[PDB]
Amino acid sequence: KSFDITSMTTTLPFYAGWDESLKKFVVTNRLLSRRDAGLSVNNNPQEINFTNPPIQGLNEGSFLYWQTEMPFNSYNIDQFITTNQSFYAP
Amino acid sequence: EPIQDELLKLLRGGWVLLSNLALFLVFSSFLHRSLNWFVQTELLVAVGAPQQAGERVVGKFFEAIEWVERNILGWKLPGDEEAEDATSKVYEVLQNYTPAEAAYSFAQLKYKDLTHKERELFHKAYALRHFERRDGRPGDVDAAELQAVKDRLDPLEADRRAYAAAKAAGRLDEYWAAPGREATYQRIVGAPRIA
Amino acid sequence: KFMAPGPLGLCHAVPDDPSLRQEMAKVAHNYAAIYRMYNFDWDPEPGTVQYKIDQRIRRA
Amino acid sequence: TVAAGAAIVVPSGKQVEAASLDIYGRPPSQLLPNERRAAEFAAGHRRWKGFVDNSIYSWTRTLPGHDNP
Amino acid sequence: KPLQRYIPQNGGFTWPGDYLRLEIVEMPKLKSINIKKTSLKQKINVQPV
Amino acid sequence: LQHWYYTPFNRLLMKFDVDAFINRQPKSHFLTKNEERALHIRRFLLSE
Amino acid sequence: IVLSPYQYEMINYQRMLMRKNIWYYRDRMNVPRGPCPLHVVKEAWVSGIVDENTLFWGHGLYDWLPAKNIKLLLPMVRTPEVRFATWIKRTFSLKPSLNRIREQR
Amino acid sequence: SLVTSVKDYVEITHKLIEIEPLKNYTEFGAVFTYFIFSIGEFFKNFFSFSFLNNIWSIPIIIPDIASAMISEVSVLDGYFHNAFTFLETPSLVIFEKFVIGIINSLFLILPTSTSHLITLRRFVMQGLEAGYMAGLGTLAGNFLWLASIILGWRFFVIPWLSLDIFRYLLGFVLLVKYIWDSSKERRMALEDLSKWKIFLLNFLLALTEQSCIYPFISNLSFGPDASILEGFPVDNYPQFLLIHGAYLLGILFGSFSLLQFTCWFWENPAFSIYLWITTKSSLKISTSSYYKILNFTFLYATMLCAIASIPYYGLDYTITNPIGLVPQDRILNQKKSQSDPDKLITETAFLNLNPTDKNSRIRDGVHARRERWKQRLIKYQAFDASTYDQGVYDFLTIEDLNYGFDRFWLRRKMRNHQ
Amino acid sequence: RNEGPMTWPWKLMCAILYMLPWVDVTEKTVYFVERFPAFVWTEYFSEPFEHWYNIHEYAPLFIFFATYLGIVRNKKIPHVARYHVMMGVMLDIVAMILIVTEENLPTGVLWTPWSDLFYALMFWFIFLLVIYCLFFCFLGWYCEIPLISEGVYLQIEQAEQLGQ
Amino acid sequence: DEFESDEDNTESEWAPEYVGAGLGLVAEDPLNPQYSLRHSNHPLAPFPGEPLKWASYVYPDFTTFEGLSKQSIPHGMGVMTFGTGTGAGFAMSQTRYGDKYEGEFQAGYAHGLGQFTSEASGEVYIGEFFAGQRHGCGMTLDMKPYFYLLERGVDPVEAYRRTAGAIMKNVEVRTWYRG
Amino acid sequence: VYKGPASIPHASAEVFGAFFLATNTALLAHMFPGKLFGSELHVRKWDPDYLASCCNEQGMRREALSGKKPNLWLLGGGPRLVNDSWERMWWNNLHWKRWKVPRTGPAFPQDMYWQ
Ligand SMILES: CCCCCCCCCCCCCCCCCC(=O)OC[C@H](CO[C@@H]1O[C@H](CO)[C@H](O)[C@H](O)[C@H]1O)OC(=O)CCCCCCCCCCCCCCCCC
Ligand SMILES: CCCCCCCCCCCCCCCCCC(=O)OC[C@H](CO[C@@H]1O[C@H](CO)[C@H](O)[C@H](O)[C@H]1O)OC(=O)CCCCCCCCCCCCCCCCC
C-alpha cells in the first residue's frame, strides 16, 4: 500500500496563449508567480513598478479609512484607546 | 411616413418624456433632502415657541443673503475668521496634532535587523508621507537607498531579479562572472556548476 | 471537450501526453473515493468490506 | 455660458508649459496622460482666479459693511 | 447590536491605494500669537498626548 | 393558531405543488426510515 | 409513496432555504466551473456537459457532493422540457458520435 | 464613465496640495473649471470616433517555468512534471459540415421568440408579402450575427456586446413603437418603403436580446456542442475557410428552404383550416369579431415580450452600472461628516439594506405612513428582500423574516379590528 | 374651452396629485417586494409625500375640494390637464374602496396567507394604474382606462356647465 | 416579573461552548456525535443561522483568502496567500510576499492540520497548528536547492535529479510546543 | 361625449388591457418554472460572456493559422496607461467582470415556496 490515502493533484485552471520558445499557440496551466503578481507590469520592454497597490504602512487617517478591511491590526495604533489597550495587555 | 420624419418624431417624444420625468425626479429629490429641516421647524412650533420658527426661516433667507455677499461681491463679513478656525482637514490634523508613534511601515514589525536610519527611511516612505508631515517636500526619500535596503534584506530575491534581467538581455555569462554567484551556487547546490 | 464531466466528455479524445493522463487517473481516483461514501450496495458480495459491516450489524 | 466660461478657462500652450514646469520637473509632451490633465487644470484654475481677482473683485470691494445675521 | 462584517470593499471616490484627505474634521487650528484671549469655538477636549 | 395554520385544508395548494415537484425525481430515491438509519450506520462504520 | 404532512412541510422548508442558491461544479481536471443559477444548470444538463454523478457545491453543504446525493437538486433540474430535450440530445447526437469515435479510433 | 471622471478630479486635487491647496472638494471655481475641461474633451472625443482608435485587444504570452508558480511544479517518480502544455491540434468533412448546417438551420427557425410572433402577425393580419419580408429580416439578421460569431469578427461583436443597457433600450423602443403602430389597425395596400420598414424592424430585433418560451429545445444542436455557434478543429488556414464557409452555406440554404415552405403553407393550406374554423365549428362567431380578438391576442403577446425582463434585473445593474459603479460600491455606504451617520447619496440609499438597519420613518416629527406589520419590530426595516448571495442575518433570523408561522405571527397587528 | 396641450407645470402638479393614491396604499408594499426584490425602491420613494399628505387630518378632503372646485370646473385650463386631475381623483377613490374592502374581511380569511395575497394584489394594481397614467401624463396624451375614463369625461362635461 | 424584575449577571450569562477541534466529547446520541456540537461555534455545528459561504477576498496589503467563511470570518477550510502584511494569526516576521498556508481555519486563525509553504526561502512545514502558532507533531523540509535551480532555467526533471538526495537527507520530524 | 381636440393622441383601452394582463402573466410565469406547458420563460437566448468567448476562440484560432501572434479582445475596454496600481490599469475589463452574477440573473427566487 502507498503512503498517501488520497492522490495529490495540481488544481490549476487552463488558458490559451503564445509560447515564445515553442513559437506556438498552446493550452497550458502556467500562471505568473504570486511573488510578483500585482506589483509590476511589462507592456513594452520597459517595466512599470506600481507605486501604491499594496499599502506598505499605515497612519491614523488611512487606518480610519480601512478600519474594517484589514486582515490584522497592530498595537502601534491601538495604544491610544484604553479598552483596546486593555485587550492587548490585561 | 418617411424614415427621417419618424425618427425625428420619436426623438422629440423621447426628449419631452425624459425631460419631464427628470423634472419630477429633481423635485422628489429636493423633497427627500429637505424633510429634516421642515420637521425641526414644525417641532419648534409644536413645542410652544411659535416665534422662534420665523427666526429660523428668515435665518435661511439671511444665510442666502450672506452667501451672495461673501461669494459674488467678496465682502469680509466679520466673524468669518472664527468660523474658519473651527474646522480642519485630515492631512492638516496629521501634520499638526498626531504623534509619530501612531504610524508604522509594516517593515519595522517584519525585520528585526533594521537600524534607526533605515527605520526612519521606511517611516518617511510608507507611514507618514511628505504631505502628512510639516517640513515635508516631495522627493524626501531617495528611492535608491530604499532599494539598497530592500536588497540587503532578502538578497536572494534580488539575485533572482538580476538573473531575469540578464536573461532578458544577452548578459548571462556577465551574470555568472560576478564575484559571488559561483560561490553561492557551490553553497546551495552541493556540486560545482558544470555549465 | 474531454474535460467535461458528463457524457459529452466521454466521446471526445484525450491528448497523448502521458503526464496529463496520469493526472486524470488521480482525479478519477479521488472522485471514486468520494462516491463510495454515499452510495452502497443492496446485496453486497461475500468477501467485501460492506459484507463484513452488514454481518456485524445483524450480529449486534 | 459654456462657451463664455470656456473663453475664461481654457489656457494656451505657454500656460500649460508654465504649469507643467513648476508642478513637475519636466517640460510637456514627456508625461503620462493623467499627469498632463493636472497641469492643464492648474493653468485653467490660475486663469479663473486671475479673472475673478482683476475683473470682478476690483470694483465690488467698496466696503458697505452691514447686514450681519 | 448588529455585528459588522469584515469584507474588503471596492470602488469609492478615489483610485485604490488612497484615502479622502480633504475631508473636514471638527478640530481647531491655533495661530502662533494669542493676545486679548476670549475662547475657542471648537475646543480640544482631549488635551494630553 | 400555530396548529390551525398547518391544518390540511389550509395547506392544500402547497400539497399539490410539492406532489408535482417531488415526483420529478427517480423512484429509487425514496427511502424508508429504517433504510436511512441503516445507511447512516454504514457510513460511520465505513469510516472506522 | 404516501408522504406524511411532516414530510410535506420539511420539503417546503428546504425549498425555502434553497431558493437563492448559486451552484458550482468540478470537471475532470478538478477545476471548478462558472457561476450556475438553476437555468444554467438546466442548460448544462440538457447539453450533456453534466450528469447525475458530477460533483456540486451550494449553500448548506460543507463539501463537494455528487448531484444525486444532494437533496432536491435533481427535482429542481428535471423539468419535463429538460427531460425531453436531454433524451433527444442523448439519443440522436451523443450516442452516434460515441459509436463513430469508437470505430474511428 | 462619470465615476472615473470624479476619481480623476479627486486625484488632481490631491496632487495640488503641495502647490496650491483648495478650500474643499466642492469649491466652485475648481469644480467649474474641471466641468468645462471635461465636457470639452468629451465633445472633442465624440466628434472623433472613440470606438475606432482605442485599444481593445492584448497579446497573451505564456510565462516560462522560471517565472511561473514554482511551488506548484512537482516531479512525479522522475521523468514527469505537472506543468501541462499541449497544442490545440478528405472532402467528406465538407459535405458533413454542409448537412450539419442544414439541420442546425432547421433548429434556428422554431417559433419561440419575439420576432416569430411578429412574423406570424404579419402573415395573418396582413398579406403574404408582409410576412415574407418579416421572415427575410429575421433570416438576414440571424445570419449576420451567426457569421460574425463563427468567423471571429471581434471588432464588431465585442464593442457591440459592451453596450448592454443601450441594447436593452433599443429593444424597448422598437417594441413600443411597433405596439403603438399595431394598436391603430391602419391598412394601406403594400408599398416599397412600407416593405422596407418591416424588414428593418425584424433585422434590428435580431441584433438585440429577446424573450423565449422553449429555450432548451430551441438551443439544441446536432453534434457535440452546447449551441450552433462553436467552431470545428482544422489543421491550416484554407481548411478553416472552406469548413466554416460550408457550414455557413448549409445554414443559409436550410433557412431559405424553410422560408419557401412557410410561404407555400401560408398561400393555400391556410384557407382549409380557416374555413374549418369559421364554417364547420359548432361555435357561433362573426368574421369581424374573430379578427378583433385575434388582434387583441397578438397585442397581448407582444406586450408580454416587451415587459418580461423588468422583474429580471435590479436597479443596480440597470442604473448604477452605466454610471460607473461596481456591486456593493464604497460610495453607496459613505456617510457625510463623521459625526453624522446618514448616507451622503440619498438617491441610492435603498440599495443593499440589511433587516437590522434602522428605519428613517420613526424620527420624531415625521407624519409618515402607518405600518402595522412592523409594530413589534418598529426600530428596524424588518423585512428581508435580499439578492444573489448577499443575505445577512443578525438576531433577526431567516425563519423570523421569511418562514411560516414565525413570520405570520410577527405581523399580527395588521389584523386587529382597530 | 381651452383645447391646447399640457405644458410642464401642469405635468408636475398632476404627478404630485398622482402620488396621492400611492400614499394611500403604501402600507401593503412589503407583501409584494418580498417576492420581487427588483421593485424594492418602491418601499422608500413615497416617504416625504406620506409626511406632507398627513400634516392635518383634513388635508386630503381640502385637496379634493380645491382641485374639483378650482381646476376641473374652470374652463380656461386645457382639457387634458383637467382629465389627468380627475383621473388622479378617481384612482384615489378606487384605492379607498380597496381599503374599505380590506377592513371588512372575515376573521378566518384574515389568519391565512390569502390575506397576504390580497395585500400584494392591492399594492400591485394601484401601482400599475399609477405608473400607466404617469407615463401618459409625462407624454402629454390621453390614456383611457376601462370603466373609469368615460365617467371622467362625463364628470368634466358635467362640472363645466355646473354654473348655468 | 419575568421580564423586568430580573437581570443576568456578567459571570452567569449564557455563552456558546468552546470545544476546540471537537474531539473527545461525550455524545448524547452515540450514532451522531455531531449533535453534541450544537451549542458551539464549531464549523460543523448543525444549523448556524446564516450559511457558510465561498469567500474570495483581496485585502489592501494584497493578502488573499479563499475558502469557507462564517459571518465573513475565515472559519472552515481554505488557502491564504500573504501580501505585504500578515494573516491567519501568524507573526509578522514569519511571512514574506507570496507565502502560502493551506488547511484548516477556525475564527480567522490557522487551527488544526495544514501546510505552510514559502517560495522565497524554500521552507515547507506539514503538521499541526493551534491558534496560528505551530503546536504538536510536524515535518519540516528545505526545498531551496530545487527552487533555486528552477529559477535559473533548469528543467524540473534535471533539477530534481540534481537535488533530490540532499533534500531527502535533511528532512526533520519534530514536536513543537508553541512556535 | 366630448373626448378632446383629436389632435392630441388618445391611447385605446385595449392597450391598457394588454399591459395589465401581460404584467400579471409575466409575474406568474416567473414564479412557476416548469408549468408553462412544461416549459419556462427566458429573457435572452445566449449569455454575452459565452458569445464573446466563442468569438475570441475563433478569432485567435484564425490568427494562429495565418502565422501571427494571437490577440485577446477584452469586454469593456483595454488598459489605461498609468503607473500607480494594477486595478486602475485594468479597470474597464475588471468592471465588466465584476458585474457577472447580476448580469446573469434573475433577481427573484428561482424556486417556489408556500408561505
Ligand atoms: C465623461 C464626461 C462626463 C462629464 C464629466 C462630469 C464629471 C464632472 C466632474 C464634477 C466633479 C464634482 C466634484 C466631485 C466632488 C467629490 C469629492 C468627494 O470626495 O466627495 C465628497 C463630497 C462630500 O465631501 C465634503 O463635502 C463638503 C460639502 O458640504 C465639503 O465642502 C467638501 O466637499 C468635503 O469635505 O461629496 C459630494 O459633495 C457629493 C458629490 C457626489 C456626486 C459627485 C458629482 C456628480 C455630479 C456629476 C453630474 C454632472 C453630470 C454631467 C454629465 C454631462 C455628460 C452628459
Ligand atoms: C457619481 C455619483 C454617484 C451618484 C449615483 C447616482 C445614481 C442616480 C440614480 C438616479 C435615479 C434616482 C432618481 C432620484 C430619486 C428622487 C427621489 C429620491 O431621492 O428618493 C430617495 C429614495 C431613498 O430614500 C431614502 O431611503 C433611505 C433608506 O436608507 C431613508 O429611508 C431615507 O429617509 C430616504 O430618503 O430613493 C428612491 O426611492 C430611489 C428610487 C429611484 C427609482 C425611480 C424609478 C425611476 C427610475 C428612472 C427611470 C429611468 C427611465 C429610463 C430612462 C432612460 C435613460 C436611461
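Given (1) under 30 Å from J:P33 (Cβ atoms); (2) surrounded by 11 or more Cβ atoms within 10 Å (Cβ to Cβ); (3) of a type outside the set (D, E, K, R), identify the lone condition not met by F:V18.
Of everything listed in (1) under 30 Å from J:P33 (Cβ atoms); (2) surrounded by 11 or more Cβ atoms within 10 Å (Cβ to Cβ); (3) of a type outside the set (D, E, K, R), F:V18 misses just condition (1).
For the range B:125-140, name all the residues that are more than 15 Å from B:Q108 (Cβ to Cβ) and not basic (K, R).
Selection gives B:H130, B:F131, B:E132, B:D135, B:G136, B:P138, B:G139, B:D140.
What are the residues in the range H:300-348 that are within 16 Å of ligand 1 (Cβ to nearest atom), of a type in the set (D, E) and under 28 Å from the mean Cα position of the chain (by Cα), if any?
H:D329, H:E347
Just checking, how many residues over the range B:93-116 are within 11 Å of chain A (Cβ to nearest Cβ) and either buried (at least 19 other Cβ atoms within 10 Å of the Cβ) or more than 17 Å from A:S62 (Cβ to Cβ) (or both)?
Total meeting the criteria: 9.
State whether the residues of the range I:37-58 include one that is in contact with an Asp or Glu (Cβ under 7 Å, 6 or more places away or on another chain), crowded, with 16+ Cβ neighbours inside 10 Å, more than 8 Å from chain H (Cβ to nearest Cβ) and under 30 Å from K:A29 (Cα atoms).
No, the range I:37-58 contains no residue that is in contact with an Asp or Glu (Cβ under 7 Å, 6 or more places away or on another chain), crowded, with 16+ Cβ neighbours inside 10 Å, more than 8 Å from chain H (Cβ to nearest Cβ) and under 30 Å from K:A29 (Cα atoms).
With the checklist (1) on the phi < 0 side of the Ramachandran plot; (2) within 11 Å of another protein chain (Cβ to nearest Cβ); (3) surrounded by 14 or more Cβ atoms within 10 Å (Cβ to Cβ) in hand, flag the one item H:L193 doesn't pass.
(3)
Can you name the condition, by its number, that G:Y62 falls short on among (1) surrounded by fewer than 17 Cβ atoms within 10 Å (Cβ to Cβ); (2) under 21 Å from H:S227 (Cα atoms)?
(2)
Restricting to the range A:57-75, give me the number of residues that are polar (S, T, N, Q) and buried (at least 17 other Cβ atoms within 10 Å of the Cβ).
3
Of the numbered conditions (1) surrounded by 14 or more Cβ atoms within 10 Å (Cβ to Cβ); (2) more than 18 Å from A:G57 (Cβ to Cβ); (3) under 20 Å from the mean Cα position of the chain (by Cα), B:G74 fails exactly one; give the number of that condition.
Of (1) surrounded by 14 or more Cβ atoms within 10 Å (Cβ to Cβ); (2) more than 18 Å from A:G57 (Cβ to Cβ); (3) under 20 Å from the mean Cα position of the chain (by Cα), only one is false for B:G74: (3).
Can you run down the residue pairs with Cβ atoms below 6 Å, 6 or more apart or on separate chains, where the first is in the range H:74-90 and under 30 Å from K:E57 (Cβ atoms) and the partner is among the charged types (D, E, K, R)?
Listed pairs, sorted by first residue: H:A83/A:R30; H:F86/C:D17.
Could you grab the pairs with beta carbons closer than 8 Å, sequence gap of 6+ or different chains, first residue in the range H:20-32 and at the interface with chain D (Cβ under 10 Å from one of its Cβ atoms), second one within 16 Å of ligand 2 (Cβ to nearest atom) and not in a loop (DSSP other than H, G, I, E, B)?
Note: pairs meeting the criteria are H:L22/H:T13; H:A30/H:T13.
Give the residue, chosen from J:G83, J:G78, J:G132, that is assigned to a strand (DSSP E or B) and crowded, with 20+ Cβ neighbours inside 10 Å.
The unique qualifying residue is J:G78.
Residue by residue through the range H:349-390, note down the ones that are within 16 Å of ligand 1 (Cβ to nearest atom) and surrounded by fewer than 19 Cβ atoms within 10 Å (Cβ to Cβ).
Result: H:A349, single match.
Which members of the range H:54-65 meet the condition of being more than 9 Å from chain A (Cβ to nearest Cβ) and either within 20 Å of A:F14 (Cβ to Cβ) or within 16 Å of ligand 1 (Cβ to nearest atom) (or both)?
H:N54
Which residue, of H:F51, H:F46, is within 16 Å of ligand 1 (Cβ to nearest atom) and in a helix (DSSP H, G or I)?
Testing whether each residue is within 16 Å of ligand 1 (Cβ to nearest atom) and in a helix (DSSP H, G or I) leaves just H:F46.
Taking the stated definitions as given, is B:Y126 assigned to a helix (DSSP H, G or I) and aromatic (F, W, Y)?
Answer is yes for this residue.
What's the number of the only condition in (1) part of a loop (DSSP other than H, G, I, E, B); (2) in contact with a helix residue (DSSP H, G or I) (Cβ under 6 Å, 6 or more places away or on another chain); (3) more than 14 Å from chain H (Cβ to nearest Cβ) that I:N74 fails to meet?
(2) is the only condition that I:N74 fails.
For the range H:4-57, which positions are under 27 Å from H:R154 (Cβ atoms) and of a type in the set (A, V, I, L, M)?
H:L52, H:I55
Of the numbered conditions (1) assigned to a helix (DSSP H, G or I); (2) over 20 Å from K:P79 (Cα atoms); (3) within 13 Å of ligand 1 (Cβ to nearest atom), H:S71 satisfies every one except a single condition; which is it?
The failed condition is (3).
Considering each residue of the range I:30-52, count those that are outside any helix (DSSP H, G or I) and more than 16 Å from ligand 2 (Cβ to nearest atom), and give that number.
Qualifying residue count for the region: 2.
Cβ-Cβ below 8 Å, separation at least six or inter-chain, first residue in the range D:9-33 and loosely packed, with under 15 Cβ neighbours inside 10 Å, second aliphatic (A, V, I, L, M) and assigned to a helix (DSSP H, G or I): which pairs?
D:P27/D:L21
Being within 16 Å of ligand 2 (Cβ to nearest atom) and under 15 Å from D:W48 (Cα atoms) is the requirement here; does H:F35 meet it? Don't jump to the end; show me each part of the working.
Details: within 16 Å of ligand 2 (Cβ to nearest atom): yes; under 15 Å from D:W48 (Cα atoms): yes.
Criteria met by H:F35.
Exactly one of (1) within 16 Å of ligand 1 (Cβ to nearest atom); (2) farther than 30 Å from I:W41 by Cβ is unmet by B:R56. Its number?
Of everything listed in (1) within 16 Å of ligand 1 (Cβ to nearest atom); (2) farther than 30 Å from I:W41 by Cβ, B:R56 misses just condition (1).
Do the conditions hold for H:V3, that is, is it surrounded by 15 or more Cβ atoms within 10 Å (Cβ to Cβ), within 16 Å of ligand 2 (Cβ to nearest atom) and among the hydrophobic types (A, V, I, L, M, F, W, C)?
Considered against the rule, which asks whether it is surrounded by 15 or more Cβ atoms within 10 Å (Cβ to Cβ), within 16 Å of ligand 2 (Cβ to nearest atom) and among the hydrophobic types (A, V, I, L, M, F, W, C), H:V3 comes out as yes.
How many residues does the range K:43-60 contain that are over 30 Å from H:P311 (Cβ atoms) and more than 7 Å from chain H (Cβ to nearest Cβ)?
The number of residues fulfilling the criteria is 1.
Which condition number in (1) away from ligand 2 (no atom under 16 Å from the Cβ); (2) surrounded by fewer than 19 Cβ atoms within 10 Å (Cβ to Cβ) is the one that I:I16 fails?
Going through the list (1) away from ligand 2 (no atom under 16 Å from the Cβ); (2) surrounded by fewer than 19 Cβ atoms within 10 Å (Cβ to Cβ), I:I16 breaks only (1).
Sort out which residues of the range D:34-62 are surrounded by fewer than 13 Cβ atoms within 10 Å (Cβ to Cβ), among the polar types (S, T, N, Q) and in a helix (DSSP H, G or I), and write them in order of number.
Of everything in the range D:34-62, those that are surrounded by fewer than 13 Cβ atoms within 10 Å (Cβ to Cβ), among the polar types (S, T, N, Q) and in a helix (DSSP H, G or I) turn out to be D:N54, D:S55.
Restricting to the range B:76-106, what's the tally of residues that are closer than 22 Å to E:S39 by Cβ and either out of contact with any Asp or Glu (no Cβ under 7 Å at 6 or more places or on another chain) or of a type outside the set (V, I, T) (or both)?
Counting residues in the range B:76-106 that are closer than 22 Å to E:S39 by Cβ and either out of contact with any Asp or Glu (no Cβ under 7 Å at 6 or more places or on another chain) or of a type outside the set (V, I, T) (or both) gives 16.
Every read-out reported here was derived from the displayed coordinates using simple, explicitly stated rules and does not represent laboratory data. With ideal geometry, Cβ positions are generated from the backbone for all residues, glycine too; neighbour counts draw on all protein chains shown.
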